[PDB]
Amino acid sequence: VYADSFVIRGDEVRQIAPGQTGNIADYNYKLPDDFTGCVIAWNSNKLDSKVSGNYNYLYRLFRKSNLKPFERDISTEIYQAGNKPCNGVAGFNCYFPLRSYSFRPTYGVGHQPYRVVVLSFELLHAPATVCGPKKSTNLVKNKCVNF
Amino acid sequence: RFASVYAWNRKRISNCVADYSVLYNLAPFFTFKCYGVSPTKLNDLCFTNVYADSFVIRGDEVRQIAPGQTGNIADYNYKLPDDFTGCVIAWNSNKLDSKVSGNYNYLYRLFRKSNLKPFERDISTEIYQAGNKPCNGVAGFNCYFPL
Amino acid sequence: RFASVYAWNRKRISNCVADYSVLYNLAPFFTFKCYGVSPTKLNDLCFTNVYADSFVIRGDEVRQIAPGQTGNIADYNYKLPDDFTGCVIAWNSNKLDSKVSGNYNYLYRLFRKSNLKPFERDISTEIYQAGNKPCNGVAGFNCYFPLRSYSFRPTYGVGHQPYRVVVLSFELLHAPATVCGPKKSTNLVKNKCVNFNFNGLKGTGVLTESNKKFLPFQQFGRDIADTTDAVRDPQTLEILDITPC
Amino acid sequence: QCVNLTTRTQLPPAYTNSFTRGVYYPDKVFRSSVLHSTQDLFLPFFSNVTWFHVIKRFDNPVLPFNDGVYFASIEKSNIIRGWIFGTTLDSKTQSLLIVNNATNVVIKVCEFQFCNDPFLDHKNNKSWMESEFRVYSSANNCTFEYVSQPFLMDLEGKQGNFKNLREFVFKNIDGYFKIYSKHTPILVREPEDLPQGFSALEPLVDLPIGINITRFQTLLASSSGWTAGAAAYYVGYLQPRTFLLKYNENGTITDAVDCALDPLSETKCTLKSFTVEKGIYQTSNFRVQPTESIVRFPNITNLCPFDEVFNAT
Amino acid sequence: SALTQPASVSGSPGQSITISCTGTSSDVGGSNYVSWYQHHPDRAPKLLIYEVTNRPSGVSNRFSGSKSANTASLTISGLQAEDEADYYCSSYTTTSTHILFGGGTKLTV
Amino acid sequence: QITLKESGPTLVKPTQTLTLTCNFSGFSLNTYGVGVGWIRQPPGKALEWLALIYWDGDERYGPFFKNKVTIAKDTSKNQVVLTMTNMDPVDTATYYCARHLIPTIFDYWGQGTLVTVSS
Ligand SMILES: *[C@@H]1O[C@H](CO)[C@@H](O[C@@H]2O[C@H](CO)[C@@H](O)[C@H](O)[C@H]2NC(C)=O)[C@H](O)[C@H]1NC(C)=O
Ligand SMILES: *[C@@H]1O[C@H](CO)[C@@H](O)[C@H](O)[C@H]1NC(C)=O
Ligand SMILES: *[C@@H]1O[C@H](CO)[C@@H](O)[C@H](O)[C@H]1NC(C)=O
Ligand SMILES: *[C@@H]1O[C@H](CO)[C@@H](O)[C@H](O)[C@H]1NC(C)=O
């Protein structure tokens, strides 16, 4: 079992569920259609947000195509929107691939940051490692039993 | 302005290109479920006639809007057919409609001779009587104001 | 005569069919707004019991009955929880409760050490120590009588009128139902195939008479095909045998 | 108020085989001349019903209850007046009390603090009276009470020639306590053994108790050295069973057959008949059950590091 | 600034008395974060309200608060000699992180 | 437990600049989520917020005194330093240094120091 963690705005938590589309479900975090395990999300406004705002959080806006499910790597190279070749600094038809957040305590709901953890795993095909709590008993043999 | 429940306004849409992404932008659309079509596939379909109806109700009676449920608002004021196609959208508007002094321009019906089929109006405000005594003129015993 | 706000009484009503139409239809009831239920669906709702609370309070303190409301009446005199299920009815009571020169039989508590949980009743009127010094004996410094009588007379202005407030409370289907709504009967049929519902069962077979006798408990009948072929007439207690047209 | 009678002449319990008792009307439905198969809570035939006799001799102790009971009273002079039921009967758990002594039928569910030997008779007079009427000394917190019309009863202290036999069934469907009743007069059979009779039994009442109940006692009616009248009472138990019933043209039960008692009864039930022809008949499946159960999982403790993942700063 | 507060309030010991801090709804915003501090002379003020009708550890149950449409009301029950002090309102604002409330002194006799 | 202590000159010439220090003792300021700010109250009037600094080196100053004040922190000695410039007789005030949190705006205040302007 492995867990994934990040901070996303509460207005887009619905995009986490499989089968959704949007800015973050296409360029940041795509979840496969067949999914086991589940996700836990809750509001984190007392800790993450700042009175003057928080700007250290980034999110991708522009990508050449929708990314395959479960992509983690990121490249900060310059993006060109129009057909004009673009190098050095951005500008006309050249947009920076990422953008920041802004979190104020004065913001209403749907804008305060949220902390999200995602769980996923496969079911009983290989020798299991993570197991639940239950007592182990003796191994009886050659008798009608319920194993 | 949004009209009362018994005076729902019917609107005509024809010969234009519809994008439903702009609908999704607003945050408080937390009640968005559709029956005949999947909500995420509205961007690649064509229709022949579209209708929009708007009004305001209590918070606890929004669940009553869905077809099938029996109650006051769904049997006396406005209801949908069992084979309805389309869906509803609702969001909070206490910042706009609710008033500290009280906004008292929203009414609705409690008494009627019988329930009514979906998709027509009822404007007449003649008082409703329950007793056998013929109640004329103004409100009396066993004859109250429908509004 | 009603009980005091700090010493109110609660009565249990159950094992009966309540006609909520006449209570709703009686004119001088003002407050009628139900939160956990519909104000007209009381004729088709069944509950294990109905809890009634009756007491007399001031008109200026009626709006504090709602959950989460805090006030002198709503913190020391009478309380409701944050998950109230039911509704209340309030009306003016200056016509009857008040006397010609003012009825002072209605009182309320003023001073208490702390705040008690909803639906707790106390009768002691011992003086509360406002200051840190303990006091004993009779009224003195830092402690006085924690009760003051209401001043309710007809010559008083708007808002001074005593108001009689009643509370309807009930649990939602966690025990055998005792209180249910009323039903009405219309029309009758004999020996004919028509659409009708009897005691929650639809039927279109002709009811007839035969040598069979239903025992005082027997109420229904079926046939080889496991379909309805005999019921008790709700209107009169005669024997019936059912078969379609 | 109570008296410590003590000196318990506790004889070993009597046991009798129940031939055809335990049949009633399971449904409020009319059926005419149809063989109908049903499954319910029933009393199997030839089961060991527990019989106590009171005569000096006094045998009416508390007995364990389990999932509905069948009570039979064989009397001629109205000795048995009621029943005790419950789980602990010691002023902490609500308990069933039924009495029909003099005026009406009374049923309560309350946590009584019964004495060692509560009783109604143990009276000097031969005709006797309800001595120590209030067998319960307290009622802590209970609101389960009712009183209703009386039942057929007798008078005076008479011994022998028991001409009355009252058979009741008390069943508990998920707390719902249903009482069904029947009575047979003119019993000429000796009280030593259960008679050879089949009789339908009729439904009376339901009540919402919904309480822990696992043991019970009878109630019947100076204590030191008193010879009482003969009082024979049988109690039997019920469990899930399937039966077949034969309705007549009138609509009354005339006979019943068990389906899971004997192979002959099994093949009678499986053919929806009461008689069979010579030959071979296929019947129910044959299977065994496990002797116990076993579980196995990796033997490690190594508590998972969940907390720091969620509590990460 | 654009925020105000009445300075003086008077009452009687043993009873309940209230004061309020008022401003403009737009500056404070939809989210309130109403807070109230007390200050007797000769040492630093401390916090008695941090959230809507909320009081931290080291409680004094006589304290109470309530947030109206554009005001925050502080109510005191069972007055004693410790009321003769200045009580400051403090709420988050939008254009700046300012409170700038004069504070409320209390009178009793 | 945390004590907030203010240190600096009390009498300042208007042409001269002012420096002030707050030697907080009892929390590590580096903890994620805690800030510290400065509040002044001139005699005869209300208080006045000056500025505040965050744990991760994020600084917020007053809307009017951005150039006038500068803030810095030293978690090794657990101190914070504030610099004020071209002060005025109206600017004379009692100064406080205070812990700052998001749910509870300001919780614990230092005792403060008086500041007056003269020759
Ligand atoms: C109702 O109460 C009785 C009385 O305790 C419960 O009987 C217990 O059953 C468990 C089952 O394993 C035994 O271990 C206990 O010894 C029994 N109690 C006594 C006093 O012997 C019964 O289980 C309860 N039933 C419910 C549904 O709560
Ligand atoms: C009978 O004696 C016992 C002593 O074992 C006592 O506990 C009990 O209370 C006595 N009965 C009565 C009715 O007092
Ligand atoms: C049943 O009763 C008979 C006598 O009536 C006895 O011999 C037998 O042992 C009893 N068996 C059980 C299981 O109670
Ligand atoms: C019953 O009789 C016995 C002896 O005959 C006597 O001791 C006892 O008091 C009597 N009790 C009553 C209630 O008459």
# chains A, B, ... in the order shown; residues from 1 in each chain; ligands from 1
>>> interface_residues(of="chain B", to="chain A", cutoff="12 Å", atoms="only C-alpha atoms", output="number ranges by chain")
B: 21, 24-30, 32, 38-41
>>> residues_near_ligand(ligand="ligand 2", cutoff="10 Å", atoms="only C-alpha atoms and all ligand atoms", output="VMD selection string")
chain D and resid 1 to 6 114 to 118 135 137
>>> write_last_selection(atoms="N, CA, C and O atoms", output="PDB file, in the first residue's frame")
ATOM      1  N   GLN D   1     -43.863  -8.123  50.995  1.00  0.00           N
ATOM      2  CA  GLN D   1     -43.887  -9.052  52.119  1.00  0.00           C
ATOM      3  C   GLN D   1     -43.827 -10.500  51.635  1.00  0.00           C
ATOM      4  O   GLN D   1     -44.506 -10.876  50.677  1.00  0.00           O
ATOM      5  N   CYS D   2     -42.995 -11.304  52.293  1.00  0.00           N
ATOM      6  CA  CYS D   2     -42.810 -12.700  51.924  1.00  0.00           C
ATOM      7  C   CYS D   2     -42.479 -13.504  53.172  1.00  0.00           C
ATOM      8  O   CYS D   2     -42.133 -12.951  54.218  1.00  0.00           O
ATOM      9  N   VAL D   3     -42.590 -14.824  53.047  1.00  0.00           N
ATOM     10  CA  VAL D   3     -42.254 -15.755  54.117  1.00  0.00           C
ATOM     11  C   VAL D   3     -41.250 -16.765  53.580  1.00  0.00           C
ATOM     12  O   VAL D   3     -41.448 -17.326  52.497  1.00  0.00           O
ATOM     13  N   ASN D   4     -40.178 -16.996  54.336  1.00  0.00           N
ATOM     14  CA  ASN D   4     -39.194 -18.006  53.968  1.00  0.00           C
ATOM     15  C   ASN D   4     -39.737 -19.405  54.226  1.00  0.00           C
ATOM     16  O   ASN D   4     -39.517 -19.977  55.299  1.00  0.00           O
ATOM     17  N   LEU D   5     -40.457 -19.958  53.246  1.00  0.00           N
ATOM     18  CA  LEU D   5     -40.981 -21.312  53.385  1.00  0.00           C
ATOM     19  C   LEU D   5     -39.854 -22.327  53.525  1.00  0.00           C
ATOM     20  O   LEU D   5     -39.921 -23.226  54.373  1.00  0.00           O
ATOM     21  N   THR D   6     -38.801 -22.186  52.715  1.00  0.00           N
ATOM     22  CA  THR D   6     -37.650 -23.084  52.716  1.00  0.00           C
ATOM     23  C   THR D   6     -38.086 -24.542  52.628  1.00  0.00           C
ATOM     24  O   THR D   6     -39.023 -24.863  51.889  1.00  0.00           O
ATOM     25  N   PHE D 114     -37.748  -9.942  43.931  1.00  0.00           N
ATOM     26  CA  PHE D 114     -38.476 -11.061  44.511  1.00  0.00           C
ATOM     27  C   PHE D 114     -37.743 -11.614  45.725  1.00  0.00           C
ATOM     28  O   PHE D 114     -36.514 -11.547  45.825  1.00  0.00           O
ATOM     29  N   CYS D 115     -38.514 -12.166  46.654  1.00  0.00           N
ATOM     30  CA  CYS D 115     -37.957 -12.761  47.860  1.00  0.00           C
ATOM     31  C   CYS D 115     -37.475 -14.174  47.540  1.00  0.00           C
ATOM     32  O   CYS D 115     -37.451 -14.602  46.382  1.00  0.00           O
ATOM     33  N   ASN D 116     -37.076 -14.920  48.571  1.00  0.00           N
ATOM     34  CA  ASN D 116     -36.604 -16.282  48.354  1.00  0.00           C
ATOM     35  C   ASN D 116     -37.727 -17.181  47.848  1.00  0.00           C
ATOM     36  O   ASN D 116     -37.575 -17.869  46.831  1.00  0.00           O
ATOM     37  N   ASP D 117     -38.866 -17.184  48.538  1.00  0.00           N
ATOM     38  CA  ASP D 117     -40.001 -18.037  48.181  1.00  0.00           C
ATOM     39  C   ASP D 117     -41.298 -17.242  48.237  1.00  0.00           C
ATOM     40  O   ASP D 117     -42.090 -17.379  49.178  1.00  0.00           O
ATOM     41  N   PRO D 118     -41.545 -16.384  47.247  1.00  0.00           N
ATOM     42  CA  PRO D 118     -42.867 -15.750  47.147  1.00  0.00           C
ATOM     43  C   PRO D 118     -43.933 -16.776  46.797  1.00  0.00           C
ATOM     44  O   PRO D 118     -43.679 -17.735  46.064  1.00  0.00           O
ATOM     45  N   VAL D 135     -46.164 -10.017  45.798  1.00  0.00           N
ATOM     46  CA  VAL D 135     -44.947 -10.818  45.866  1.00  0.00           C
ATOM     47  C   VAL D 135     -43.706  -9.982  45.590  1.00  0.00           C
ATOM     48  O   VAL D 135     -42.608 -10.342  46.028  1.00  0.00           O
ATOM     49  N   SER D 137     -41.576  -6.534  46.133  1.00  0.00           N
ATOM     50  CA  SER D 137     -41.459  -5.512  47.163  1.00  0.00           C
ATOM     51  C   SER D 137     -41.148  -4.126  46.617  1.00  0.00           C
ATOM     52  O   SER D 137     -41.190  -3.157  47.382  1.00  0.00           O
TER      53      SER D 137
END
>>> select_by_dssp(residues="chain E", states="helix (DSSP H, G or I)", output="PyMOL selection string")
chain E and resi 25-28+81-83
>>> residues_around(residues="residue 88 of chain C", least_positions_apart="3", cutoff="9 Å", atoms="only C-alpha atoms", output="list in words")
residues 31, 32, 33, 34, 65, 165, 166, 167, 168 and 169 of chain C
>>> write_last_selection(atoms="N, CA and C atoms", output="compact mmCIF listing (two decimals), in the first residue's frame")
# COMPACT_ATOMS: atom_id res chain seq x y z
N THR C 31 -47.52 30.33 16.00
CA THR C 31 -46.31 29.65 15.56
C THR C 31 -46.66 28.26 15.04
N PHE C 32 -46.28 27.98 13.80
CA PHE C 32 -46.44 26.64 13.23
C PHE C 32 -45.36 26.48 12.16
N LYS C 33 -44.25 25.84 12.54
CA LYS C 33 -43.13 25.65 11.63
C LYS C 33 -42.31 24.47 12.14
N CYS C 34 -42.31 23.37 11.40
CA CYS C 34 -41.67 22.14 11.84
C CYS C 34 -40.40 21.88 11.03
N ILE C 65 -36.62 29.75 21.51
CA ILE C 65 -36.84 28.31 21.60
C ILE C 65 -35.97 27.57 20.59
N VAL C 165 -46.48 28.62 25.26
CA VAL C 165 -45.69 27.94 24.24
C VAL C 165 -45.76 26.45 24.51
N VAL C 166 -46.09 25.68 23.47
CA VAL C 166 -46.15 24.23 23.55
C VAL C 166 -45.13 23.66 22.58
N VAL C 167 -44.61 22.48 22.91
CA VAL C 167 -43.56 21.84 22.14
C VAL C 167 -44.01 20.43 21.76
N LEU C 168 -43.85 20.08 20.49
CA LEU C 168 -44.13 18.73 20.01
C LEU C 168 -42.80 18.05 19.68
N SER C 169 -42.53 16.93 20.34
CA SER C 169 -41.30 16.18 20.15
C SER C 169 -41.62 14.70 19.98
>>> residues_near_ligand(ligand="ligand 3", cutoff="6 Å", atoms="only C-alpha atoms and all ligand atoms", output="list in words")
residues 15, 16 and 48 of chain D
>>> residues_around(residues="residue 33 of chain F", least_positions_apart="5", cutoff="8 Å", atoms="only C-alpha atoms", output="short mmCIF file (atom, residue, chain, number, x, y, z; two decimals) with N, CA, C and O atoms, in the first residue's frame")
data_model
loop_
_atom_site.label_atom_id
_atom_site.label_comp_id
_atom_site.auth_asym_id
_atom_site.auth_seq_id
_atom_site.Cartn_x
_atom_site.Cartn_y
_atom_site.Cartn_z
N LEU A 47 -3.58 26.20 9.37
CA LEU A 47 -2.15 25.96 9.29
C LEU A 47 -1.54 26.50 7.99
O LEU A 47 -0.61 27.31 8.03
N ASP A 48 -2.06 26.06 6.84
CA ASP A 48 -1.39 26.36 5.57
C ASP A 48 -1.54 27.82 5.19
O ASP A 48 -0.57 28.45 4.76
N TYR F 54 6.92 35.97 9.66
CA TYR F 54 6.53 34.57 9.71
C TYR F 54 7.72 33.68 10.04
O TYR F 54 8.87 34.12 10.08
N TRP F 55 7.42 32.41 10.29
CA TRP F 55 8.46 31.45 10.66
C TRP F 55 9.44 31.21 9.51
O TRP F 55 10.65 31.10 9.73
N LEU F 101 -0.89 33.82 15.60
CA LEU F 101 -1.38 32.60 14.98
C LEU F 101 -2.58 32.94 14.11
O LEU F 101 -3.14 34.04 14.18
#
>>> atom_distance(atom1="atom CA of residue 13 of chain A", atom2="atom CA of residue 34 of chain B")
19.5 Å
>>> residues_near_ligand(ligand="ligand 4", cutoff="12 Å", atoms="only C-alpha atoms and all ligand atoms", output="PDB file with C-alpha atoms, in the first residue's frame")
ATOM      1  CA  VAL D   3     -42.254 -15.755  54.117  1.00  0.00           C
ATOM      2  CA  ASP D 121     -51.544 -19.666  48.801  1.00  0.00           C
ATOM      3  CA  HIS D 122     -49.627 -21.228  51.725  1.00  0.00           C
ATOM      4  CA  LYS D 123     -52.791 -20.223  53.674  1.00  0.00           C
ATOM      5  CA  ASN D 124     -54.220 -21.954  56.768  1.00  0.00           C
ATOM      6  CA  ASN D 125     -57.755 -22.046  55.355  1.00  0.00           C
ATOM      7  CA  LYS D 126     -58.588 -25.003  53.125  1.00  0.00           C
ATOM      8  CA  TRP D 128     -57.280 -20.430  51.223  1.00  0.00           C
ATOM      9  CA  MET D 129     -56.567 -16.892  49.986  1.00  0.00           C
ATOM     10  CA  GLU D 130     -53.923 -14.843  48.200  1.00  0.00           C
ATOM     11  CA  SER D 131     -51.603 -14.577  51.203  1.00  0.00           C
ATOM     12  CA  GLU D 132     -48.715 -12.170  50.577  1.00  0.00           C
ATOM     13  CA  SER D 222     -49.370 -21.544  57.062  1.00  0.00           C
ATOM     14  CA  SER D 223     -46.520 -22.294  54.663  1.00  0.00           C
ATOM     15  CA  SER D 224     -44.805 -24.684  57.093  1.00  0.00           C
ATOM     16  CA  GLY D 225     -46.556 -28.038  56.742  1.00  0.00           C
ATOM     17  CA  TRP D 226     -49.389 -27.458  54.267  1.00  0.00           C
TER      18      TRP D 226
END
>>> residues_near_ligand(ligand="ligand 1", cutoff="12 Å", atoms="only C-alpha atoms and all ligand atoms", output="list in words")
residues 64, 65, 66, 67, 86, 87, 88, 89, 90, 92, 93, 94, 95, 174, 175, 210, 211, 212, 213, 214 and 215 of chain D
>>> write_last_selection(atoms="N, CA and C atoms", output="compact mmCIF listing (two decimals), in the first residue's frame")
# COMPACT_ATOMS: atom_id res chain seq x y z
N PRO D 64 -35.11 -22.00 33.07
CA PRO D 64 -34.48 -21.18 32.02
C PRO D 64 -35.35 -21.09 30.77
N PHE D 65 -35.51 -19.87 30.26
CA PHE D 65 -36.27 -19.60 29.05
C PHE D 65 -35.33 -19.51 27.85
N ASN D 66 -35.84 -19.93 26.69
CA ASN D 66 -35.06 -19.80 25.45
C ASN D 66 -36.01 -19.84 24.25
N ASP D 67 -36.18 -18.69 23.60
CA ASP D 67 -36.77 -18.58 22.26
C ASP D 67 -38.16 -19.22 22.20
N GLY D 86 -38.22 -13.72 32.48
CA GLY D 86 -37.18 -12.71 32.44
C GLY D 86 -35.81 -13.34 32.27
N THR D 87 -34.80 -12.63 32.76
CA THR D 87 -33.41 -13.07 32.66
C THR D 87 -32.70 -13.14 34.00
N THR D 88 -32.93 -12.18 34.89
CA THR D 88 -32.25 -12.13 36.18
C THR D 88 -33.22 -12.00 37.35
N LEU D 89 -34.34 -11.30 37.16
CA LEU D 89 -35.43 -11.27 38.14
C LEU D 89 -34.99 -10.67 39.48
N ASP D 90 -33.98 -9.80 39.47
CA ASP D 90 -33.35 -9.34 40.70
C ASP D 90 -33.26 -7.81 40.74
N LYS D 92 -32.93 -5.48 38.72
CA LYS D 92 -32.06 -4.74 37.82
C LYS D 92 -32.46 -4.86 36.35
N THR D 93 -33.12 -5.94 35.96
CA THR D 93 -33.60 -6.12 34.60
C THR D 93 -35.12 -6.27 34.61
N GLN D 94 -35.78 -5.68 33.62
CA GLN D 94 -37.23 -5.78 33.51
C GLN D 94 -37.63 -7.24 33.33
N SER D 95 -38.78 -7.59 33.88
CA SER D 95 -39.20 -8.99 33.92
C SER D 95 -40.71 -9.08 33.74
N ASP D 174 -38.32 -11.02 17.66
CA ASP D 174 -37.50 -9.81 17.74
C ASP D 174 -38.05 -8.82 18.76
N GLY D 175 -38.24 -9.32 19.98
CA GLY D 175 -38.77 -8.50 21.05
C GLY D 175 -40.28 -8.48 21.11
N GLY D 210 -39.28 -6.32 24.19
CA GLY D 210 -37.94 -6.07 23.69
C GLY D 210 -36.84 -6.07 24.74
N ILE D 211 -36.81 -7.09 25.60
CA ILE D 211 -35.89 -7.12 26.73
C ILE D 211 -35.18 -8.47 26.78
N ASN D 212 -34.07 -8.49 27.52
CA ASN D 212 -33.34 -9.73 27.78
C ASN D 212 -34.19 -10.65 28.65
N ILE D 213 -34.47 -11.85 28.14
CA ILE D 213 -35.28 -12.83 28.87
C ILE D 213 -34.65 -14.20 28.66
N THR D 214 -34.24 -14.85 29.75
CA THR D 214 -33.67 -16.18 29.64
C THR D 214 -34.08 -17.16 30.74
N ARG D 215 -34.90 -16.76 31.70
CA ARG D 215 -35.38 -17.71 32.69
C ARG D 215 -36.74 -17.28 33.21
